[PDB]
Amino acid sequence: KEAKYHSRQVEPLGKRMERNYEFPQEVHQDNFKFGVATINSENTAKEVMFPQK
Amino acid sequence: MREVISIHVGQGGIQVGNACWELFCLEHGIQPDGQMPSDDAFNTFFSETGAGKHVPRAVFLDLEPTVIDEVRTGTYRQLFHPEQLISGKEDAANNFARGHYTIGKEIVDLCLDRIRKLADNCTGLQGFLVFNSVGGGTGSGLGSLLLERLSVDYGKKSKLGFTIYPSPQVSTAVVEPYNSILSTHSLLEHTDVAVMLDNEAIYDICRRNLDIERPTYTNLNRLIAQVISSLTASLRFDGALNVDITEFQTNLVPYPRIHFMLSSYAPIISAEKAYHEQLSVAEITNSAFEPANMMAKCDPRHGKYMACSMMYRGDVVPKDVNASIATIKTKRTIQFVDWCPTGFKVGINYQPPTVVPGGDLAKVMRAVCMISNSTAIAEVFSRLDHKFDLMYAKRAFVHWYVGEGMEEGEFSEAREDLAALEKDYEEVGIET
Amino acid sequence: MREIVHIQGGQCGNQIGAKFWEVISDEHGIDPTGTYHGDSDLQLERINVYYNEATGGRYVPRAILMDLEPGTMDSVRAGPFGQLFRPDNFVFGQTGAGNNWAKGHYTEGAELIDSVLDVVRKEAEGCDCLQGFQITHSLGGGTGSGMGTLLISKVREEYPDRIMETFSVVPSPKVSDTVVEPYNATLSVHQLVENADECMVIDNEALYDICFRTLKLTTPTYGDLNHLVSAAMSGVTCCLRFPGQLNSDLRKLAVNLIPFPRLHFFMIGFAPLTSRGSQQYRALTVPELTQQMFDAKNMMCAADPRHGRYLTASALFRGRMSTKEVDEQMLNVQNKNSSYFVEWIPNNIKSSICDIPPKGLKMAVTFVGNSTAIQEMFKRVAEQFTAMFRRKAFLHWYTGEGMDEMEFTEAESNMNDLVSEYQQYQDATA
Amino acid sequence: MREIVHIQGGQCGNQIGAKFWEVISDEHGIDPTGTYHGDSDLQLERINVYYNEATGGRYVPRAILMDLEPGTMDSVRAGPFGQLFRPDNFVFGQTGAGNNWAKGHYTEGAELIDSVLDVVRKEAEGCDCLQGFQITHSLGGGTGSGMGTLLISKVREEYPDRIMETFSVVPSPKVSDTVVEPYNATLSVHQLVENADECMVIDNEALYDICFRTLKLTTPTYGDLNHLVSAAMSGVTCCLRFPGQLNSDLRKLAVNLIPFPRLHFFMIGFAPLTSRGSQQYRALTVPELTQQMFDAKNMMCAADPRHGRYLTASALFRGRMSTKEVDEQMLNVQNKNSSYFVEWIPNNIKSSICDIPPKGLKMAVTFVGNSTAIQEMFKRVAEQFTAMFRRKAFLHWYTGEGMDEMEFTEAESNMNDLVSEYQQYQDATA
Amino acid sequence: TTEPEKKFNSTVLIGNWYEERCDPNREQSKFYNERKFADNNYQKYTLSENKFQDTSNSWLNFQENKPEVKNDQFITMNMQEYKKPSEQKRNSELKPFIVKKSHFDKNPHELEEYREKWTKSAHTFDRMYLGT
Ligand SMILES: Nc1nc2c(ncn2[C@@H]2O[C@H](COP(=O)(O)OP(=O)(O)OP(=O)(O)O)[C@@H](O)[C@H]2O)c(=O)[nH]1
Ligand SMILES: Nc1nc2c(ncn2[C@@H]2O[C@H](COP(=O)(O)OP(=O)(O)O)[C@@H](O)[C@H]2O)c(=O)[nH]1
Ligand SMILES: Nc1nc2c(ncn2[C@@H]2O[C@H](COP(=O)(O)OP(=O)(O)O)[C@@H](O)[C@H]2O)c(=O)[nH]1
Ligand SMILES: [Mg+2]
């Protein structure tokens with residue numbers, strides 16, 4: 001009953017301040033881990049020479 | 001085959017070692033009982049008991065029983081070896097002479113016995129890590145005595161000191177400048193590498209980046225543990241460019257006296273506002289050098305840079321590292337010492353950071369931990385010298401020290417040593 | 001026959017060799033299990049140049065992996081093609097050198113080198129008649145730069161008539177990863193110049209430039225760099241292992257590239273190199289192979305070849321072609337760029353032809369050039385060295401393991417003299 | 001099957017035997033009802049060594065319980081595992097000895113020993129090939145120290161060829177329990193040097209300090225001390241009962257540890273001993289076992305073994321391990337402690353290996369040592385005896401049964417001769 | 001600063017408490033989670049037992065509770081090593097570095113995809129020798 005003081009959902013006891021966002025739960029819940037991207041590795045690296053074709 | 005021994009003294013060191021040991025155990029997947037559920041990287045920190053669990057290579061020392069007993073009764077009761085948790089009976093009570101002349105002399109023998117019984121099992125000892133808050137009597141005294149004993153008992157083995165100097169204005173005790181300056185004199189000629197960890201900087205980082213306005217000690221300990229893991233991960237995780245403990249002092253120490261470095265870590269963002277951005281390598285390495293993110297309350301813009309060693313962990317690429325370092329060199333606000341054309345050392349590791357459930361930190365691929373030797377560090381020594389001088393002008397609190405057996409004239413020697421140290425810094429900092 | 005052994009040290013050298021042996025095995029049709037599975041008879045025709053036989057008919061390379069830290073071999077043994085190497089040949093210390101030249105050359109290297117020298121002696125007496133030694137190492141690392149060159153001295157003092165080959169990866173200031181490259185680099189090259197019969201230099205920044213510009217792939221890797229360097233390795237000796245119009249060995253190159261005994265530092269290059277998307281637009285011809293082989297941007301070094309004059313050049317062609325096109329176009333390129341070729345040595349370009357091209361390609365070219373442009377590398381390295389040394393920075397750690405500043409003074413004086421001597425002939429006129 | 005019979009008298013001997021038989025039954029899987037319920041077949045080939053077979057498939061120990069008072073046997077029969085002993089092997093008087101050696105060795109012992117001699121003879125020809133006798137008793141008491149030693153004399157007269165070992169609980173000066181120890185202590189110790197082939201000393205003070213320092217248990221009782229002694233004595237004859245790589249019996253130990261007929265006093269020790277907190281936290285290896293077994297404070301005797309030099313030592317490893325490590329451990333401990341070993345005899349440490357570790361462990365070590373530091377206990381006892389005898393205190397109680405001071409003087413003289421002759425080898429140089 | 005004799009029941013921090021807390025015969029060994037480990041009263045309304053360490057009842061023969069010990073405690077070298085030449089395998093413990101078990105030994109499928117992946121793939125050996 002004191003939860004809604006505008007001082008609880010802010011500056012809580014050693015915890016995250018409740019910036020209440022809503023993430024897309026269809027993804028993003030199991031093992032997603034931030035970052036810009038997977039730094040997409042260039043297709044073909046070591047067979048550009050000796051093309052094997 | 002490669003191992004390092006960890007020493008904790010003073011309740012601050014104990015409480016930060018606790019945080020280090022949740023993090024290492026969770027990183028290696030070991031449950032609190034010490035058993036592994038289901039290669040041999042753990043050999044860096046742990047040792048097989050012969051059948052089943054693993055035991056850490058750590059020792060805890062204190063003259064006050066409460067913290068050690070809380071450790072013995074906490075959730076990690078079944079992990080630590082029972083007779084390496086050395087506890088005394090009566091606390092030093094912020095008196096450096098108490099912890100260095102009367103009470104610590106009785107416990108140093110047991111500590112040395114345990115250190116020997118740990119080192120004989122080890123075969124490829126990399127070195128020692130030591131944790132101790134500086135402003136406390138028992139911490140300073142036992143750190144000094146242990147370091148002095150070890151330097152003559154073992155000789156040339158590397159030793160790393162993770163010291164927490166007092167904040168510029170924020171303070172807890174009222175006499176901690178005295179024991180801080182004394183312990184600094186003691187460890188100046190005994191420690192190969194000492195790092196700065198004044199707490200007010202961590203409070204600022206937690207307030208700004210983590211956005212927690214009332215942080216508790218656990219968060220600070222968690223950050224320090226993350227930094228330790230970042231430093232050490234190269235020994236127990238494969239990487240494209242690995243660096244050992246011995247590959248720190250060979251590249252960070254221009255002169256034998258100058259071995260105090262300050263560290264920074266990045267990225268520090270909560271999971272709440274990290275999903276919204278990308279955190280590329282260039283911006284994380286810029287934030288690493290950004291002055292307010294240094295966990296030492298010193299302004300790097302007020303002095304020159306001497307040497308920078310940075311560890312990248314995750315999926316970083318050497319071309320990206322070179323592209324970032326070129327921009328850092330191009331930037332004008334940061335200038336290096338004249339007689340070092342190149343001053344960067346770079347390490348790269350694959351295993352991305354781990355996150356503790358219920359913690360504040362967030363789980364990314366790319367992380368950077370930077371350790372810098374710079375000429376700007378003289379400010380903290382000057383301000384502590386001033387605080388010492390104001391108190392020592394009228395011999396305040398001197399009786400509490402002189403009645404414990406420590407000689408009156410010892411303070412003058414430490415004062416002269418500090419003056420010599422700042423003289424050496426200002427002499428090195430000039431260009432040719 | 002005219003057989004040559006492989007030894008390697010330092011992590012950079014081990015990474016280079018771990019892919020060079022892959023290239024050799026792929027060319028000769030040898031599986032990672034050591035059993036031949038090729039199709040042609042010429043594949044086993046000169047397998048002796050690099051391989052030994054064991055009971056049961058399996059092949060083993062004669063390479064000796066040697067250093068102070070076991071982690072890199074712990075990695076490479078689990079890696080691809082790590083099963084070929086003889087498990088006895090691995091020799092590693094338990095301390096590591098910590099990128100300190102003193103620790104890698106005086107206190108740990110001298111102690112450890114007895115076993116590796118013994119195994120080298122055994123492998124040397126094993127062959128019917130040795131041709132020479134070839135080395136892969138990096139000059140920026142402590143254990144490599146020190147222990148490798150000490151081993152070179154020890155091998156030279158016993159085998160004064162054989163050939164010495166070194167592939168040295170020198171530190172360029174553009175991509176710097178350590179703080180102490182100049183010291184150990186100059187210390188290593190001091191001893192290297194007196195004993196090595198041939199040394200050619202490679203640059204990581206130059207390799208990055210090649211990978212960005214010619215192949216145009218967005219994410220280069222150490223594997224890619226090692227592979228192209230290994231192709232350069234193979235192209236030198238392919239003529240020694242396969243028949244051709246004009247067979248030319250290591251001693252051929254030695255007599256034909258070195259006018260004076262102290263000028264044995266080279267820069268190399270490989271052609272063709274094309275991007276994946278443009279590989280079908282190019283129509284493989286000797287003319288374009290030559291124009292690419294002489295491109296300045298295609299060199300594997302930071303040295304700019306048009307900043308100086310070529311003392312001599314050599315080309316190794318692989319594949320089937322007429323000799324008339326090759327030598328006529330060699331004359332053409334010599335005439336059109338006569339300003340960049342020294343005048344008192346007429347006809348200063350070697351041509352050699354081998355009838356077996358590399359895998360998957362019809363024609364290939366390997367270029368080795370001795371020119372005066374390489375002085376810039378030593379100039380910048382010496383500048384860094386003197387900047388660090390004038391203040392005695394990082395010096396007491398080198399001094400604490402038996403050396404003094406007199407050695408460093410001698411090294412810098414010798415290298416400055418070397419640079420002056422190397423540039424002397426550039427302005428020499430007939 | 002080279003069996004041995006067991007004899008015990010006095011309260012201490014009865015308690016030690018009660019715990020020893022419990023330990024042996026636990027090792028061999030025997031119920032308190034005497035029914036076998038083991039798992040492996042290795043528990044039955046040598047079950048006849050300690051147990052005779054009765055009707056119904058049950059087993060009975062071949063032990064003799066002897067005393068001057070009925071309370072001791074009334075307690076042991078009521079205690080656990082009291083159903084193993086047959087009622088016939090109990091033998092007791094009705095008067096008691098009262099710590100009076102004369103009463104237990106001249107008046108009551110002489111008239112009572114006929115029955116015990118009869119029963120021990122019956123048990124002796126019960127077995128096919130007797131191996132020897134083992135006795136457990138205390139010298140500081142009356143009935144044990146008198147009647148048991150007189151029985152020792154009689155049995156040695158009857159069987160000169162068999163071997164007799166004794167486990168003697170001597171009075172320790174620190175833990176003083178009775179006021180008339182030195183008299184009967186000297187009187188007993190005289191009568192062992194002529195008969196006992198092996199004697200092993202045990203001290204209650206040493207047991208207490210072991211429990212307080214190594215075990216760190218707050219409230220030890222006599223049960224734990226008995227358990228320690230039972231384990232230590234059981235580890236002696238493991239090789240005789242179980243297969244192993246190097247079998248060794250009591251005769252081997254005697255020949256291998258006795259340089260001269262009058263030096264048959266030993267101090268024993270057991271390993272590994274650790275507290276309850278550190279049960280899982282330390283590793284069981286041959287180096288750790290051999291490091292602990294040679295600790296000065298781990299011995300079962302109050303004497304400090306680092307004040308003298310060993311003549312011979314013997315170790316009986318149990319479990320499965322490598323023999324090279326064992327032998328190298330003895331060689332290392334012999335080289336690092338050359339000052340604590342007599343020099344004119346080389347290789348004075350014996351090794352034995354049995355493949356069956358005790359229940360609840362995986363390796364164990366029993367150590368038996370003959371060293372010149374054992375004489376301190378005899379010197380202290382001699383001092384007490386002389387000081388108490390110069391005033392003829394308590395002497396009339398002994399003289400009241402035809403006992404004379406002439407043989408008191410002879411006993412103390414012979415014991416002093418023992419001390420002198422046994423310590424003169426400490427400084428003997430070849 | 002020396003050891004004190006027993007003064008208080010095991011449950012306090014007077015000297016030498018840990019051992020008798022580890023001892024299982026004492027009723028103190030086995031404590032409750034709501035005893036300490038408690039943020040607030042309303043969170044939990046039923047106890048749970050946690051037990052103090054994992055120690056056997058008898059100080060000696062302390063390697064009990066390990067199922068492997070009973071299994072391997074009655075084996076000797078002869079039965080261990082001389083079983084039968086038909087189904088005998090080597091039990092010696094070689095040097096760690098010699099048994100690294102490289103990647104292709106770890107997974108064989110890579111091995112047979114390789115070869116026709118990159119071995120014997122499009123070699124063109126043309127020799128201009130007039131006799132050949
Ligand atoms: N960052 C951090 N600092 C701590 C911690 N604990 C104590 N400190 C600092 O240490 C200073 C005093 O030293 P303490 O560690 O508390 O105690 P001590 O050094 O062992 O000396 P004593 O008080 O005599 O026991 C305080 O001013 C704190 O700022 C901790 O857990 N984390
Ligand atoms: N070609 C190649 N060079 C590498 C690789 N890894 C590191 N290097 C080079 O090795 C140099 C550092 O050498 P270092 O490790 O100190 O030599 P060490 O002391 O003998 O181990 C760097 O300048 C890199 O350019 C690789 O995988 N391939
Ligand atoms: N270790 C041990 N010592 C005992 C035990 N019972 C008695 N003693 C020792 O034996 C001594 C007394 O022996 P005593 O009973 O008079 O021998 P007795 O007269 O022959 O029966 C005391 O000093 C005790 O220390 C026991 O159960 N265990
Ligand atoms: Mg405290």
# chains A, B, ... in the order shown; residues from 1 in each chain; ligands from 1
call {"tool": "residues_around", "arguments": {"residues": "region 242-245 of chain C", "least_positions_apart": "6", "cutoff": "9 Å", "atoms": "only C-alpha atoms", "output": "PyMOL selection string"}}
result
(chain C and resi 42-43+45-46+318+323+352-356) or (chain E and resi 127-129)
call {"tool": "write_last_selection", "arguments": {"atoms": "N, CA and C atoms", "output": "CSV table (one decimal), in the first residue's frame"}}
result
chain,number,residue,atom,x,y,z
C,42,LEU,N,53.9,-37.2,-59.9
C,42,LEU,CA,54.8,-36.2,-59.5
C,42,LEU,C,54.7,-35.8,-58.0
C,43,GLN,N,53.5,-36.1,-57.4
C,43,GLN,CA,53.3,-35.7,-56.0
C,43,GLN,C,54.3,-36.3,-55.1
C,45,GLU,N,57.2,-37.4,-56.1
C,45,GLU,CA,58.4,-37.3,-56.8
C,45,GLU,C,59.6,-36.7,-56.0
C,46,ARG,N,59.3,-35.7,-55.2
C,46,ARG,CA,60.2,-35.0,-54.3
C,46,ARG,C,59.7,-34.8,-52.9
C,318,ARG,N,55.2,-20.1,-62.0
C,318,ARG,CA,54.7,-21.5,-61.9
C,318,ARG,C,53.6,-21.6,-62.8
C,323,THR,N,58.7,-19.2,-72.7
C,323,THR,CA,59.8,-18.4,-72.1
C,323,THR,C,59.9,-17.0,-72.9
C,352,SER,N,62.8,-17.6,-63.5
C,352,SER,CA,62.8,-19.1,-63.4
C,352,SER,C,61.4,-19.6,-63.6
C,353,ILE,N,61.3,-20.8,-64.2
C,353,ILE,CA,60.1,-21.3,-64.7
C,353,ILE,C,59.9,-22.7,-64.1
C,354,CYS,N,58.8,-23.0,-63.4
C,354,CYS,CA,58.5,-24.3,-62.9
C,354,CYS,C,57.2,-24.8,-63.6
C,355,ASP,N,57.1,-26.0,-64.0
C,355,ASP,CA,56.0,-26.6,-64.8
C,355,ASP,C,54.8,-26.9,-64.0
C,356,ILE,N,54.9,-26.9,-62.7
C,356,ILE,CA,53.7,-27.3,-61.9
C,356,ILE,C,53.2,-26.0,-61.2
E,127,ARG,N,53.3,-30.7,-68.2
E,127,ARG,CA,54.7,-30.6,-68.4
E,127,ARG,C,55.1,-30.6,-69.9
E,128,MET,N,55.9,-29.7,-70.3
E,128,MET,CA,56.3,-29.6,-71.7
E,128,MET,C,57.7,-30.2,-71.8
E,129,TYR,N,57.8,-31.5,-71.7
E,129,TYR,CA,59.0,-32.3,-72.0
E,129,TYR,C,58.8,-33.0,-73.3
call {"tool": "residues_around", "arguments": {"residues": "region 147-158 of chain B", "least_positions_apart": "4", "cutoff": "7 Å", "atoms": "only C-alpha atoms", "output": "list in words"}}
result
residues 127, 128, 143, 190 and 192 of chain B
call {"tool": "residues_near_ligand", "arguments": {"ligand": "ligand 1", "cutoff": "6 Å", "atoms": "only C-alpha atoms and all ligand atoms", "output": "PDB file with N, CA and C atoms, in the first residue's frame"}}
result
ATOM      1  N   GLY B  10      42.196  -7.712   6.371  1.00  0.00           N
ATOM      2  CA  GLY B  10      41.253  -6.666   6.700  1.00  0.00           C
ATOM      3  C   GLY B  10      39.875  -6.971   6.146  1.00  0.00           C
ATOM      4  N   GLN B  11      38.849  -6.539   6.885  1.00  0.00           N
ATOM      5  CA  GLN B  11      37.488  -6.919   6.518  1.00  0.00           C
ATOM      6  C   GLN B  11      37.121  -6.397   5.137  1.00  0.00           C
ATOM      7  N   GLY B  12      37.696  -5.266   4.727  1.00  0.00           N
ATOM      8  CA  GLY B  12      37.476  -4.800   3.368  1.00  0.00           C
ATOM      9  C   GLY B  12      38.020  -5.763   2.330  1.00  0.00           C
ATOM     10  N   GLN B  15      35.762  -8.806   2.289  1.00  0.00           N
ATOM     11  CA  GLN B  15      34.484  -8.580   1.635  1.00  0.00           C
ATOM     12  C   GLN B  15      34.630  -8.420   0.131  1.00  0.00           C
ATOM     13  N   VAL B  16      35.775  -7.937  -0.346  1.00  0.00           N
ATOM     14  CA  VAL B  16      35.988  -7.893  -1.788  1.00  0.00           C
ATOM     15  C   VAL B  16      36.419  -9.257  -2.334  1.00  0.00           C
ATOM     16  N   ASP B  91      40.927  -6.823  17.906  1.00  0.00           N
ATOM     17  CA  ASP B  91      41.124  -6.023  16.704  1.00  0.00           C
ATOM     18  C   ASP B  91      42.162  -4.928  16.925  1.00  0.00           C
ATOM     19  N   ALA B  92      42.861  -4.574  15.845  1.00  0.00           N
ATOM     20  CA  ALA B  92      43.886  -3.542  15.921  1.00  0.00           C
ATOM     21  C   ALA B  92      43.313  -2.154  16.157  1.00  0.00           C
ATOM     22  N   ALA B  93      42.065  -1.914  15.755  1.00  0.00           N
ATOM     23  CA  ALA B  93      41.362  -0.660  16.025  1.00  0.00           C
ATOM     24  C   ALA B  93      42.086   0.533  15.397  1.00  0.00           C
ATOM     25  N   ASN B  94      42.285   0.444  14.086  1.00  0.00           N
ATOM     26  CA  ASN B  94      42.846   1.510  13.261  1.00  0.00           C
ATOM     27  C   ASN B  94      44.217   1.976  13.726  1.00  0.00           C
ATOM     28  N   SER B 133      42.344  -2.972   2.424  1.00  0.00           N
ATOM     29  CA  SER B 133      42.043  -1.554   2.543  1.00  0.00           C
ATOM     30  C   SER B 133      43.185  -0.870   3.282  1.00  0.00           C
ATOM     31  N   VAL B 134      43.533   0.339   2.852  1.00  0.00           N
ATOM     32  CA  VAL B 134      44.751   0.955   3.362  1.00  0.00           C
ATOM     33  C   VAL B 134      44.501   1.720   4.656  1.00  0.00           C
ATOM     34  N   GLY B 135      43.284   2.204   4.875  1.00  0.00           N
ATOM     35  CA  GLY B 135      43.048   3.146   5.950  1.00  0.00           C
ATOM     36  C   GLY B 135      42.814   2.502   7.298  1.00  0.00           C
ATOM     37  N   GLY B 136      42.952   1.182   7.361  1.00  0.00           N
ATOM     38  CA  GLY B 136      42.708   0.465   8.591  1.00  0.00           C
ATOM     39  C   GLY B 136      44.005  -0.047   9.183  1.00  0.00           C
ATOM     40  N   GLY B 137      44.047  -0.034  10.511  1.00  0.00           N
ATOM     41  CA  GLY B 137      45.244  -0.413  11.230  1.00  0.00           C
ATOM     42  C   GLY B 137      45.684  -1.833  10.960  1.00  0.00           C
ATOM     43  N   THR B 138      44.787  -2.798  11.180  1.00  0.00           N
ATOM     44  CA  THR B 138      45.156  -4.193  10.974  1.00  0.00           C
ATOM     45  C   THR B 138      45.462  -4.478   9.510  1.00  0.00           C
ATOM     46  N   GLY B 139      44.681  -3.909   8.596  1.00  0.00           N
ATOM     47  CA  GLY B 139      44.920  -4.122   7.186  1.00  0.00           C
ATOM     48  C   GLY B 139      46.302  -3.655   6.788  1.00  0.00           C
ATOM     49  N   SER B 171      35.231  10.342   3.819  1.00  0.00           N
ATOM     50  CA  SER B 171      36.063   9.490   4.651  1.00  0.00           C
ATOM     51  C   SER B 171      35.208   8.854   5.733  1.00  0.00           C
ATOM     52  N   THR B 172      35.679   7.719   6.241  1.00  0.00           N
ATOM     53  CA  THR B 172      35.017   7.017   7.331  1.00  0.00           C
ATOM     54  C   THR B 172      35.729   7.184   8.662  1.00  0.00           C
ATOM     55  N   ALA B 173      37.040   6.984   8.696  1.00  0.00           N
ATOM     56  CA  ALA B 173      37.814   7.145   9.910  1.00  0.00           C
ATOM     57  C   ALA B 173      38.297   8.587  10.009  1.00  0.00           C
ATOM     58  N   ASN B 199      37.171   4.720  -3.355  1.00  0.00           N
ATOM     59  CA  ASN B 199      35.786   4.276  -3.508  1.00  0.00           C
ATOM     60  C   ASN B 199      34.865   5.334  -4.106  1.00  0.00           C
ATOM     61  N   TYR B 217      27.841  -1.642  -0.360  1.00  0.00           N
ATOM     62  CA  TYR B 217      29.213  -2.109  -0.522  1.00  0.00           C
ATOM     63  C   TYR B 217      29.295  -3.298  -1.471  1.00  0.00           C
ATOM     64  N   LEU B 220      30.060  -2.252  -5.123  1.00  0.00           N
ATOM     65  CA  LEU B 220      31.460  -1.891  -5.304  1.00  0.00           C
ATOM     66  C   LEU B 220      32.335  -3.136  -5.354  1.00  0.00           C
ATOM     67  N   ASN B 221      32.090  -4.079  -4.444  1.00  0.00           N
ATOM     68  CA  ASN B 221      32.856  -5.318  -4.462  1.00  0.00           C
ATOM     69  C   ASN B 221      32.637  -6.087  -5.758  1.00  0.00           C
TER      70      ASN B 221
END
call {"tool": "atom_distance", "arguments": {"atom1": "CA of residue 344 (chain D)", "atom2": "CA of residue 367 (chain D)"}}
result
22.2 Å
call {"tool": "residues_near_ligand", "arguments": {"ligand": "ligand 2", "cutoff": "7 Å", "atoms": "only C-alpha atoms and all ligand atoms", "output": "count of residues only"}}
result
25
call {"tool": "closest_residue", "arguments": {"among": "D:373, D:286, D:365, D:180", "to": "ligand 3", "atoms": "only C-alpha atoms and all ligand atoms"}}
result
D:180
call {"tool": "interface_residues", "arguments": {"of": "chain B", "to": "chain D", "cutoff": "7 Å", "atoms": "only C-alpha atoms", "output": "ChimeraX atom specification"}}
result
/B:49-50,81-82
call {"tool": "atom_distance", "arguments": {"atom1": "CA of residue 249 (chain C)", "atom2": "CA of residue 167 (chain C)"}}
result
16.8 Å
call {"tool": "select_by_dssp", "arguments": {"residues": "chain E", "states": "helix (DSSP H, G or I)", "output": "PyMOL selection string"}}
result
chain E and resi 18-22+67-72+77-81+96-99+103-106+109-113
call {"tool": "interface_residues", "arguments": {"of": "chain C", "to": "chain E", "cutoff": "7 Å", "atoms": "only C-alpha atoms", "output": "list in words"}}
result
residues 26, 29, 31, 38, 39, 77, 78, 79, 80, 83, 320, 355, 356, 359 and 360 of chain C
call {"tool": "write_last_selection", "arguments": {"atoms": "N, CA and C atoms", "output": "short mmCIF file (atom, residue, chain, number, x, y, z; two decimals), in the first residue's frame"}}
result
data_model
loop_
_atom_site.label_atom_id
_atom_site.label_comp_id
_atom_site.auth_asym_id
_atom_site.auth_seq_id
_atom_site.Cartn_x
_atom_site.Cartn_y
_atom_site.Cartn_z
N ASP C 26 48.62 -29.87 -48.52
CA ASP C 26 47.59 -29.75 -49.54
C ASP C 26 48.18 -29.83 -50.94
N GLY C 29 49.12 -33.44 -51.63
CA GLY C 29 48.07 -34.42 -51.46
C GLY C 29 48.24 -35.32 -50.27
N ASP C 31 47.00 -36.21 -46.42
CA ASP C 31 45.95 -36.01 -45.45
C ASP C 31 46.54 -35.72 -44.07
N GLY C 38 46.83 -38.41 -53.21
CA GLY C 38 46.81 -37.63 -54.42
C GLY C 38 46.49 -38.47 -55.64
N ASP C 39 46.63 -37.85 -56.80
CA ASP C 39 46.30 -38.48 -58.07
C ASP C 39 47.48 -38.60 -59.02
N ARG C 77 48.53 -28.58 -31.09
CA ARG C 77 48.33 -30.02 -31.14
C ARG C 77 46.86 -30.37 -31.30
N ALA C 78 45.98 -29.65 -30.61
CA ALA C 78 44.56 -29.85 -30.79
C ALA C 78 44.05 -29.28 -32.11
N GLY C 79 44.85 -28.48 -32.80
CA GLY C 79 44.42 -27.85 -34.02
C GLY C 79 44.50 -28.78 -35.21
N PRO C 80 43.97 -28.31 -36.33
CA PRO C 80 44.05 -29.09 -37.57
C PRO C 80 45.49 -29.32 -37.99
N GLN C 83 48.59 -33.45 -35.93
CA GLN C 83 48.98 -34.82 -35.69
C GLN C 83 50.23 -35.23 -36.46
N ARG C 320 52.43 -23.40 -66.93
CA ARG C 320 52.90 -23.65 -68.29
C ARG C 320 52.79 -22.37 -69.11
N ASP C 355 57.13 -26.04 -63.99
CA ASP C 355 56.04 -26.55 -64.81
C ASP C 355 54.79 -26.90 -64.02
N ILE C 356 54.85 -26.87 -62.69
CA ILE C 356 53.73 -27.25 -61.85
C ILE C 356 53.19 -26.00 -61.17
N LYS C 359 47.97 -25.09 -56.39
CA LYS C 359 46.65 -25.71 -56.42
C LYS C 359 45.58 -24.73 -56.87
N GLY C 360 44.71 -25.18 -57.77
CA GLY C 360 43.54 -24.44 -58.17
C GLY C 360 43.80 -23.30 -59.12
#
call {"tool": "residues_around", "arguments": {"residues": "region 308-312 of chain C", "least_positions_apart": "2", "cutoff": "9 Å", "atoms": "only C-alpha atoms", "output": "list in words"}}
result
residues 256, 257, 258, 259, 304, 305, 306, 314, 339, 340, 341, 342, 345, 347, 348, 349, 350, 368, 369, 370, 371, 372, 373, 374, 425 and 426 of chain C
call {"tool": "atom_distance", "arguments": {"atom1": "CA of residue 256 (chain B)", "atom2": "CA of residue 194 (chain B)"}}
result
12.2 Å
